[PDB]
Amino acid sequence: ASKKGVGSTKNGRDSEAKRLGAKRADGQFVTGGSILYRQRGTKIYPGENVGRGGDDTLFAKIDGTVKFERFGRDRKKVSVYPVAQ
RNA sequence: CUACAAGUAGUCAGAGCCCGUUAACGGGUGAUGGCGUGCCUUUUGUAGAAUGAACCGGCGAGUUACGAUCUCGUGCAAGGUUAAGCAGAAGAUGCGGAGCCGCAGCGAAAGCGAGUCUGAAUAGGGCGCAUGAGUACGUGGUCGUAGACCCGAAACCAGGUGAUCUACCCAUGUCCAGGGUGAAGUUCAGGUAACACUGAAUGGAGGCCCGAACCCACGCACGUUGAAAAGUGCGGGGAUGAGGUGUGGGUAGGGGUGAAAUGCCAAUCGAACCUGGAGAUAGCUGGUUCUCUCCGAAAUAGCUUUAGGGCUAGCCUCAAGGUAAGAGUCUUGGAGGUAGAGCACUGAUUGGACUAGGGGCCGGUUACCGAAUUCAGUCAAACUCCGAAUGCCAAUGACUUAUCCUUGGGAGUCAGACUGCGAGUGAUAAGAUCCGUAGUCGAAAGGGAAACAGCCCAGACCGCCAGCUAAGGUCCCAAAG
RNA sequence: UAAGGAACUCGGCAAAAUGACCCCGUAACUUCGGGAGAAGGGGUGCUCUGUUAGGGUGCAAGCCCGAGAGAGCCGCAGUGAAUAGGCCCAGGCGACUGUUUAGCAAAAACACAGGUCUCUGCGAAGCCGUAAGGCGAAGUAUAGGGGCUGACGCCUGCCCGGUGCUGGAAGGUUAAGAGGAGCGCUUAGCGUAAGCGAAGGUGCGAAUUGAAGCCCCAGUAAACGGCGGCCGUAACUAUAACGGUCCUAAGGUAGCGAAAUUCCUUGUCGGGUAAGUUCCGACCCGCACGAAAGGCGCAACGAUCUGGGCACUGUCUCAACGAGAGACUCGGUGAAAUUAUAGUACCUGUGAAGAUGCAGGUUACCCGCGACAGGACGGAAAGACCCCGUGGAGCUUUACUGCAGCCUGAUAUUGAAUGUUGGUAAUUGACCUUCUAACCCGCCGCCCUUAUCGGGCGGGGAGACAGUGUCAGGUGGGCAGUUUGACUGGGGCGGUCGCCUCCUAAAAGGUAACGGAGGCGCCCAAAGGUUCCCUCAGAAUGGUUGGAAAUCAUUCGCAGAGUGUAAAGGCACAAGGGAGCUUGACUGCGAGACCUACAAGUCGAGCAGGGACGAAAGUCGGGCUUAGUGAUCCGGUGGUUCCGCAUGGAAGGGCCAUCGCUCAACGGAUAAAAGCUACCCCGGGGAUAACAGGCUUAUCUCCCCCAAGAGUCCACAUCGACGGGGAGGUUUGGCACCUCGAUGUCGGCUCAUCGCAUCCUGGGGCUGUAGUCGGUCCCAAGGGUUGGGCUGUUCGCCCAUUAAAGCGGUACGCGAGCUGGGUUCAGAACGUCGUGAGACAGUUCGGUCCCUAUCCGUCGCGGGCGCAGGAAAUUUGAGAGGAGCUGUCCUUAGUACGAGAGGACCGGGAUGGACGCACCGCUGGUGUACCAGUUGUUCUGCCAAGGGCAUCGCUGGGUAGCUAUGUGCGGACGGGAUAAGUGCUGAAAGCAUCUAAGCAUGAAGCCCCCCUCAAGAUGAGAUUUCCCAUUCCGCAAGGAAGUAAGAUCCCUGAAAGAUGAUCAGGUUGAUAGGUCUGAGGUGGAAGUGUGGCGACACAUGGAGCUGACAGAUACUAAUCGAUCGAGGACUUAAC
RNA sequence: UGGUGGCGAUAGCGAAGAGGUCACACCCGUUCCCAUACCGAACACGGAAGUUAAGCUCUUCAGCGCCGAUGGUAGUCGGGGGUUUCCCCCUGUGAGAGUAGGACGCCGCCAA
RNA sequence: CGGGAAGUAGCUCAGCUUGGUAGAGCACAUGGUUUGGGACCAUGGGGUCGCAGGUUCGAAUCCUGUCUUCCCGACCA
RNA sequence: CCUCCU
Ligand SMILES: [K+]
Ligand SMILES: [K+]
Ligand SMILES: [K+]
Ligand SMILES: [K+]
Ligand SMILES: [K+]
Ligand SMILES: [K+]
Ligand SMILES: [K+]
Ligand SMILES: [K+]
Ligand SMILES: [K+]
Ligand SMILES: [K+]
Ligand SMILES: [K+]
Ligand SMILES: [K+]
Ligand SMILES: [K+]
Ligand SMILES: [K+]
Ligand SMILES: [K+]
Ligand SMILES: [K+]
Ligand SMILES: [K+]
Ligand SMILES: [K+]
Ligand SMILES: [K+]
Ligand SMILES: [K+]
Ligand SMILES: [K+]
Ligand SMILES: [K+]
Ligand SMILES: [K+]
Ligand SMILES: [Mg+2]
Ligand SMILES: [Mg+2]
Ligand SMILES: [Mg+2]
Ligand SMILES: [Mg+2]
Ligand SMILES: [Mg+2]
Ligand SMILES: [Mg+2]
Ligand SMILES: [Mg+2]
Ligand SMILES: [Mg+2]
Ligand SMILES: [Mg+2]
Ligand SMILES: [Mg+2]
Ligand SMILES: [Mg+2]
Ligand SMILES: [Mg+2]
Ligand SMILES: [Mg+2]
Ligand SMILES: [Mg+2]
Ligand SMILES: [Mg+2]
Ligand SMILES: [Mg+2]
Ligand SMILES: [Mg+2]
Ligand SMILES: [Mg+2]
Ligand SMILES: [Mg+2]
Ligand SMILES: [Mg+2]
Ligand SMILES: [Mg+2]
Ligand SMILES: [Mg+2]
Ligand SMILES: [Mg+2]
Ligand SMILES: [Mg+2]
Ligand SMILES: [Mg+2]
Ligand SMILES: [Mg+2]
Ligand SMILES: [Mg+2]
Ligand SMILES: [Mg+2]
Ligand SMILES: [Mg+2]
Ligand SMILES: [Mg+2]
Ligand SMILES: [Mg+2]
Ligand SMILES: [Mg+2]
Ligand SMILES: [Mg+2]
Ligand SMILES: [Mg+2]
Ligand SMILES: [Mg+2]
Ligand SMILES: [Mg+2]
Ligand SMILES: [Mg+2]
Ligand SMILES: [Mg+2]
Ligand SMILES: [Mg+2]
Ligand SMILES: [Mg+2]
Ligand SMILES: [Mg+2]
Ligand SMILES: [Mg+2]
Ligand SMILES: [Mg+2]
Ligand SMILES: [Mg+2]
Ligand SMILES: [Mg+2]
Ligand SMILES: [Mg+2]
Ligand SMILES: [Mg+2]
Ligand SMILES: [Mg+2]
Ligand SMILES: [Mg+2]
Ligand SMILES: [Mg+2]
Ligand SMILES: [Mg+2]
Ligand SMILES: [Mg+2]
Ligand SMILES: [Mg+2]
Ligand SMILES: [Mg+2]
Ligand SMILES: [Mg+2]
Ligand SMILES: [Mg+2]
Ligand SMILES: [Mg+2]
Ligand SMILES: [Mg+2]
Ligand SMILES: [Mg+2]
Ligand SMILES: [Mg+2]
Ligand SMILES: [Mg+2]
Ligand SMILES: [Mg+2]
Ligand SMILES: [Mg+2]
Ligand SMILES: [Mg+2]
Ligand SMILES: [Mg+2]
Ligand SMILES: [Mg+2]
Ligand SMILES: [Mg+2]
Ligand SMILES: [Mg+2]
Ligand SMILES: [Mg+2]
Ligand SMILES: [Mg+2]
Ligand SMILES: [Mg+2]
Ligand SMILES: [Mg+2]
Ligand SMILES: [Mg+2]
Ligand SMILES: [Mg+2]
Ligand SMILES: [Mg+2]
Ligand SMILES: [Mg+2]
Ligand SMILES: [Mg+2]
Ligand SMILES: [Mg+2]
Ligand SMILES: [Mg+2]
Ligand SMILES: [Mg+2]
Ligand SMILES: [Mg+2]
Ligand SMILES: [Mg+2]
Ligand SMILES: [Mg+2]
Ligand SMILES: [Mg+2]
Ligand SMILES: [Mg+2]
Ligand SMILES: [Mg+2]
Ligand SMILES: [Mg+2]
Ligand SMILES: [Mg+2]
């Protein structure tokens, strides 16, 4: 039984998935430090009491409630507001 | 009971006949009717045209020791406990405190100590304390070291036994009916100056010829649970030789011997045989024995000289805790770029208008192509000016439901299958392959789809000669139009 | 064994033929021997002459051997039986006789004589052994060992670059051992401390010295090996003697060549054949010949291989008969493999995808006996193939690591002199030479001593060498232990392996494939930090050089740019551009998060220390973000309020910092690793390949749609592009679902059976159908469908036929049916590849084919019971099987048709081929209890006549029976209904219209007709005839007994037969034997006579003899017996 | 008017007008602080002769851009069916495009 | 079918690996030399690197595709 | 080194 020779692919590579995106929900309580969003670039901007890390990670600078919110016409931010106290 | 019957041999229904018991809504037999593809192993899936068992009987597989750890029990408890040994029934027990564990941790260590280490630090942080139980013994679960659940290699090494078979050799014997051919040499004759050379006779060479014994083994047939573990029959080859054969001897296994085939070395040879190391090792195959109950998987991820193995995680179970932390639905908020769609970007692309420019044809002209621009029009996994349904993450109560988490003991699983839906690979093939998602099978019997793991309906604790329905059905087989 | 004679087959395998002696005669070729038993022919008994000639023995007598003749005699035949070469032509291979895989290979393999290379000066080399001791060899270069080649003949070219071997040693490099310049630790002592530091001890240690080897220089190919491209060129073309150029150590000479080598390939041409994939001869595009792994020849030789002839034949056409051994029946004895239990049908389907057992149907009374193998994926053997195992073993090597051996140095044993030449002016190393006294002697004499051992003594030789010990370097598949990855739509081979980005990815996250695309293993001292300022691509227009595009100016300008680098996400309050100052490209950390099996990975506000920039606010722990990397162990370097084995130190460790991995197979097995196995083995797998099956149908085969064209015209007679749609499931595949505790695998043979897509024959439509022929389509599966050459072949080509030479399925139908050529083990060889061991759907020569049938199934044959009494016959036919083919000639008619050429339908008739049934009168075959001839020997005493054995001894005939090649006969003639087709009438639809109502016609096909079986046809049928209603038990229901008609046991047998069965008979009986008479067969008995010297001939006499054949005849045997076998249920209806 | 904010361009472009004592500009200088990879252009320091031409402020406008329903349609969760590369049905949900329409600014605080 | 290697002037070859320059021999052309050829001497010219696309400021050179011509492989069944 | 044919 004859078997035709076959070629090869020059593809077959991919990097590890980086588990990007939202890490806390709108309206969820977070502690200071909590990563809110992982991203390349600013898909979402740091709002009130939120920071942008060296790799564009958005994180809560205080304890409080996460609010994702429209930032002008085209953009989005995420903010953390203190609880009513 | 049985000669018109289609048989995993029963089971349920059932006359007839024959009986009469541990006296029971009894026993034997069984015309006929319905249903019904053994058991085990291994599998995605086995009635399997895969595996195992002729039958019956007996025998035949998680053990024990010493350590570790957990649960349970008991004694004592900030303590607990003795070992060897001595005495004593091979005993209990008494003595024996050496030793061991615990009561304090932190640090690599010096060391400090309810703290300590890091650090320049009264900082912060790590591990501890505060947040207190151990220890001795026993049973049980599991682990470790031992053959460690049982059976099974091919092999490896050590020490031996074999050349009464066979290989070659050594010493010493012996065998080979018959027939043929006619080398050298010699003689004689011829022959020449001598020799050459010629003829005839003689002579008896030879891994010479034909052919019995003997040895061999070329062809065919037969035989193939044989007359025979290599033969017989008919033919065949050698048959004075590198011959056959007897007796007595020699060479021995990491070795001999080989006119060389890895041949032969006692029916064994790519390394003999026997015993031992030895219960070698086997991530492999097979097997692993009483019952019922409660619960009940996986066939995945990651890493692996890894891919049919393993480990951690996932999923199961048991206990103790926490406890109500889980889940469904409604409501509310949010992240996100798929389906669709669109052309705003990138790329592809059709027609018209339009010409820069190029090409045929004279700085001049053409049915030849044309960039841009413009009008209209198509398309896209790696296009997006847009953008759902769902799914996901949460919050908030409400209505409902009972899960959920932690710690510890014990696993198994890492071959999956098909079906529907969304993709890739393929040829928009495969009962194909590879993901995603739901189901069923696996591990699920019952009804339907003739039969038919995976489809449709539906989850078997038992009994009933009750009833209602599901899918699918209602002329007869075959319940109901 | 008729006729034939290789047609058989892979192949003349097997068989047949040949065969003794004497004589004649005998070719090519040759190594002059051979070839040769070449070939091809002739003779062959017996009698007499004849106790021949002649010979041996002997005094003779005699005995023995014995040609060659002549004359006869007999037979079918005289080596009368048994035993006893077939031969020839040509080629390959090996020169030859030998040898070999005990037990699948006898060969082309091995050996061989011969050649050559090479080593070896004798304690030889080589080999065995640790050594002693040995072999070598009681040999000595004309000898011995090793490698290669393989008689003989002619020959044996080129390359020394590589590798090996040999020689060389000027230099380089290199060990132990010498050597000890320095340095460290320690501490007497000295120092307020810090430090310094004598001596000693101790730990390191540089220069220098140091052999062989290696590098290096040469040589060597009958050492290992190797021995080229491209382009141009001649006055026809073609080809290029000739030239150019690149490369090499050198480019393959002679010879041979489609080959044991040639893929393409059945090369081409010639020969041989009717036909030749093989064979021989040529040619040369030598895939991939080639000169001692020899080249080319070659007489002789071969159980060698190949091709062709003569002879010969049962090899075959195509089979028939006979003998014996089994088989079969009876008596005796009596295993085995296998086995889940089996009351064990068929079809189609289903299903783990190929069912006795499942479904639905169809069929089937119960039990055997002889037979056959289709199935039980039959038995046998835990598949040798293939894969897998971090399983083995054997083998290889420039795999790794070792070891033996060998070489080389140092040092000990080991001493004495002499010069010479290096540090050190007198002391120590190196070197050369000499000595003798160690050591050695496989030298001599003497002694122990009857001794080729050993020892002693004395000579001689050699000599501080050698040998040996220790240490060291080199060499070293000679030997040893091992390694030699995984993924993978089987494995190998190719590719890949970690990290980053995108898509696939189904709008969270995640998500596979040997899916689709790309990047990375860095870079930057600014391309980092901060402060301040800024805006890009491109276009248009103007303008020196200057263009399409340099720099300048204006205008337009969400970015069409840029962002170190891939991509994505981002970025114009810039994250893009510019400038100033800087080093936060910080140290200690770090609430809390993300990610996650772990190990790791990511983000982080904030705190402290000390800074950079900024007036300040503030920002800064590298870079727009996301790659740019690697665990542990081990080791190095720096630091250190740590440890420091009595103490002080130190050595060494710890801790912090940091360095060394294409550990890239990137979670890294080791510091250190490649191959072959067809000599292979074990554990496993249908988890995974090869055969067959299944799914699929790309490919394949077939059929269609559209209709552009072709066809003068004309798409559609015929063909049909571009495109489109299917069917089938015979191809190659894809997939990997059954089977690896075995599903034997190509072709052929034997036996078929099915489909129809039809090859022929039958029936038709259309035709570019005049006729005869055809083309094309439709119906049709009844029957039929050849023998050869070549090749293992399927296929194909060819020869010759034929009505035709169909295509497919059935596990590529059929190996428990056969074969075994091929494929597919072990041997050997060629080309080729490989350093090698070895390897090749390349080739070549050779190479073990097991099984007693249980079940179903198939073919035959019995027994049982049934079929409302028991019997004997004859039957109907539900139903089943069989058969089913076709040519040629004559005639119609040279008619129809046609210019002619040619030449029919339809219809008559005759006769064949192939096939089948029966049968032996005919022709033949066979004919083992028939007749005859004949050889040898042996027996019946001898002669004569006979018997036995030699294949039935052989040879010539042959009866019955059984038989084909022999004879006879068959498929005839028709009905019925139909297919395609043709219609008639006829409307729907005023017409038309084969159809809707109605009515026909019409195939080798369907149902009959013809032949056979058939009532288990459980639906058990019918007709005719026979027996006759018994007895006893019983309430009857039943039961028992003896019988009738009839049958059987037993017996004689054959027309029957494995056995049963069947049939003819069983005494008023011709059943068989015998007997008698015949037929046929043989061919002329014995005895006697006559003739002849005799072998023999003739007569008596178509005699004698004669299995199975015919008739007759109770002479013999079928004796006497016994056994079995009805008394007929009930109901209803008509009588 | 000026400053300074918040709100998705409904705020923007573009077009046509109107306005300036003060305020905001342009404007006029380079002695000084400071400045230009050259340039007092800009930045900086100073001034007030001029001017609303431009910026700025205020009107008007729907050409471009922006915002944008309702209905319908595509798609689709769930449930069924079929002639199954795909399609249909039913209770939900529901775009994009297109369009009606909106829109040439809305809301602060301070100073004058 | 799978894997390689080439492709540069008329012909044969370098250059490619390292991006910036198109070389070399023979041939060709012109002159000289010769009675005339040949040889010899002197002096010149000739591609845009197979084709297409890409990366780059820039491609014979780096990347891809394609075409042509060679070479190797196609094993176990 | 060569020197077309008659
Ligand atoms: K039953
Ligand atoms: K099996
Ligand atoms: K602390
Ligand atoms: K306790
Ligand atoms: K155990
Ligand atoms: K051996
Ligand atoms: K699925
Ligand atoms: K041999
Ligand atoms: K032949
Ligand atoms: K021969
Ligand atoms: K099965
Ligand atoms: K059978
Ligand atoms: K496959
Ligand atoms: K690895
Ligand atoms: K098969
Ligand atoms: K069709
Ligand atoms: K198998
Ligand atoms: K067989
Ligand atoms: K069989
Ligand atoms: K059976
Ligand atoms: K006859
Ligand atoms: K009957
Ligand atoms: K007579
Ligand atoms: Mg095949
Ligand atoms: Mg960074
Ligand atoms: Mg019946
Ligand atoms: Mg019955
Ligand atoms: Mg059935
Ligand atoms: Mg399976
Ligand atoms: Mg098994
Ligand atoms: Mg069994
Ligand atoms: Mg060993
Ligand atoms: Mg012995
Ligand atoms: Mg002996
Ligand atoms: Mg002889
Ligand atoms: Mg002989
Ligand atoms: Mg014999
Ligand atoms: Mg043996
Ligand atoms: Mg052991
Ligand atoms: Mg449960
Ligand atoms: Mg394994
Ligand atoms: Mg686990
Ligand atoms: Mg779409
Ligand atoms: Mg799966
Ligand atoms: Mg599948
Ligand atoms: Mg399972
Ligand atoms: Mg079920
Ligand atoms: Mg059922
Ligand atoms: Mg099951
Ligand atoms: Mg009913
Ligand atoms: Mg004959
Ligand atoms: Mg004859
Ligand atoms: Mg033949
Ligand atoms: Mg034949
Ligand atoms: Mg023969
Ligand atoms: Mg020979
Ligand atoms: Mg011989
Ligand atoms: Mg043998
Ligand atoms: Mg032998
Ligand atoms: Mg043999
Ligand atoms: Mg010796
Ligand atoms: Mg000797
Ligand atoms: Mg040889
Ligand atoms: Mg030879
Ligand atoms: Mg030579
Ligand atoms: Mg050769
Ligand atoms: Mg040679
Ligand atoms: Mg089943
Ligand atoms: Mg099926
Ligand atoms: Mg079936
Ligand atoms: Mg079975
Ligand atoms: Mg079997
Ligand atoms: Mg079986
Ligand atoms: Mg096996
Ligand atoms: Mg084998
Ligand atoms: Mg080895
Ligand atoms: Mg070992
Ligand atoms: Mg593998
Ligand atoms: Mg593969
Ligand atoms: Mg590879
Ligand atoms: Mg999703
Ligand atoms: Mg996602
Ligand atoms: Mg280690
Ligand atoms: Mg000390
Ligand atoms: Mg790895
Ligand atoms: Mg590893
Ligand atoms: Mg071999
Ligand atoms: Mg061998
Ligand atoms: Mg095996
Ligand atoms: Mg399978
Ligand atoms: Mg197959
Ligand atoms: Mg099968
Ligand atoms: Mg699969
Ligand atoms: Mg089996
Ligand atoms: Mg047909
Ligand atoms: Mg096939
Ligand atoms: Mg077959
Ligand atoms: Mg068979
Ligand atoms: Mg064979
Ligand atoms: Mg070679
Ligand atoms: Mg092979
Ligand atoms: Mg080959
Ligand atoms: Mg009938
Ligand atoms: Mg007769
Ligand atoms: Mg006859
Ligand atoms: Mg006589
Ligand atoms: Mg006798
Ligand atoms: Mg005798
Ligand atoms: Mg009857
Ligand atoms: Mg008689
Ligand atoms: Mg809308």
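All heavy atoms count here, side chains included; hydrogens, waters and symmetry mates do not. Throughout, protein chains are lettered first and strands after them, A, B, ... in sequence-line order, and every chain is numbered starting at 1.
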Taking N and O atoms by type only, does the side chain of A:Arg13 place a donor or acceptor under 3.5 Å from a partner on the base of C:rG518?
-> yes
How is the base pairing of RNA chain E summarised as a dot-bracket string, given the Watson-Crick and G-U wobble criteria with both distances under 3.5 Å, [ ] for crossing and | for another strand?
-> ((((((((.[[[[.)....(..]]]].(((((...||..))))).....[[[[[..)....]]]]]))))))).||.
Does C:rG768 have a Watson-Crick or wobble partner in any strand here, with both distances under 3.5 angstrom, and which is it?
-> none
How long is the line joining CG of A:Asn11 and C1' of C:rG519, in whole Å?
-> 13 Å
Anything under 3.5 Å between a donor and an acceptor, one on a side chain of residues 2-12 of chain A, the other on a protein residue two or more places apart or in another chain? List them.
residue	atom	partner	partner atom	Å
A:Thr9	OG1	A:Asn11	N	3.0

Can you tell me the distance, in whole Å, between the CG atom of A:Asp74 and the P atom of C:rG570?
-> 11 Å
Under a 3.5 Å limit on both distances, the Watson-Crick or wobble mate of C:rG1078 is C:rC1109
Using only heavy-atom distances, decide whether a donor-acceptor pair under 3.5 angstrom links the side-chain of A:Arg38 to the base of C:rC594.
-> yes
Could you please name the partner base of C:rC598, counting Watson-Crick and G-U wobble pairs only when both distances are under 3.5 Å?
-> C:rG667
Please tabulate, one pair per line, each protein N/O and nucleotide N/O from nucleotides 493-495 of chain C that are separated by under 3.5 Å, including the distance.
residue	atom	partner	partner atom	Å
C:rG494	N2	A:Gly7	O	3.0

How would you give the extent of chain A contacts on RNA chain D, as first and last nucleotide 5' to 3' within a 4.0 Å heavy-atom cut-off?
-> D:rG8 to D:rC67
Whether B:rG357 stacks with B:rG358 under 5.5 Å centre spacing and 30° plane angle = yes
For the side chain of A:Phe59, starting at C-beta, report the closest nucleotide among C:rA572, C:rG604, B:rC393.
-> C:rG604
Do C:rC159 and C:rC160 pass the stacking test of six-membered ring centres within less than 5.5 angstrom and planes tilted under 30 degrees?
-> no
Report the nucleotide, chosen from C:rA572, C:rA605, C:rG592, that has the shortest atom-to-atom distance to any side-chain atom of A:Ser34.
-> C:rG592
According to the definition of ring centres under 5.5 angstrom and planes under 30 degrees, are C:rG43 and C:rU44 stacked?
-> yes
For the side chain of A:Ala25, counting heavy atoms from C-beta on, which of B:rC393, C:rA593, C:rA575 is nearest?
-> B:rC393
Side-chain donor/acceptor contact of A:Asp14 with base of C:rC503 under 3.5 Å = yes
Produce the list of close N/O pairs, under 3.5 Å, pairing protein atoms with atoms of nucleotides 335-339 of chain B; give distances to one decimal.
residue	atom	partner	partner atom	Å
B:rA335	OP1	A:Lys76	NZ	3.0
B:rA335	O5'	A:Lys76	NZ	3.4
B:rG336	OP1	A:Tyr37	OH	2.8
B:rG336	OP1	A:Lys43	NZ	3.3
B:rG336	OP2	A:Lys76	NZ	2.6

Residue matched to B:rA177 through Watson-Crick or wobble contacts both under 3.5 angstrom | none
Stacking status for step C:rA873-C:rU874 (5.5 Å, 30° cutoffs) | yes
What is the glycosidic conformation of C:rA240: syn, defined as within 90° of 0, or anti?
-> syn
Has the side chain of A:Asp56 got a donor or acceptor that lies under 3.5 Å from a partner of the other kind on the base of C:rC624?
-> no
Could you let me know what B:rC311 is paired to, Watson-Crick or G-U wobble, both distances under 3.5 Å, or none if it's on its own?
-> B:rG302
For nucleotides 73-77 of chain E, list the nitrogen or oxygen atoms of the protein found under 3.5 Å from its nitrogen or oxygen atoms, one pair per line.
residue	atom	partner	partner atom	Å
E:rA77	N7	A:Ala1	N	3.4
E:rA77	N6	A:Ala1	O	3.1

Where the side chain of A:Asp55 is defined as all heavy atoms beyond and including C-beta, which of C:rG570, C:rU501, C:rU626 is the nearest nucleotide?
-> C:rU626
Do the six-membered rings of C:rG473 and C:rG474 sit on top of each other, with centres under 5.5 Å apart and planes under 30° apart?
-> yes
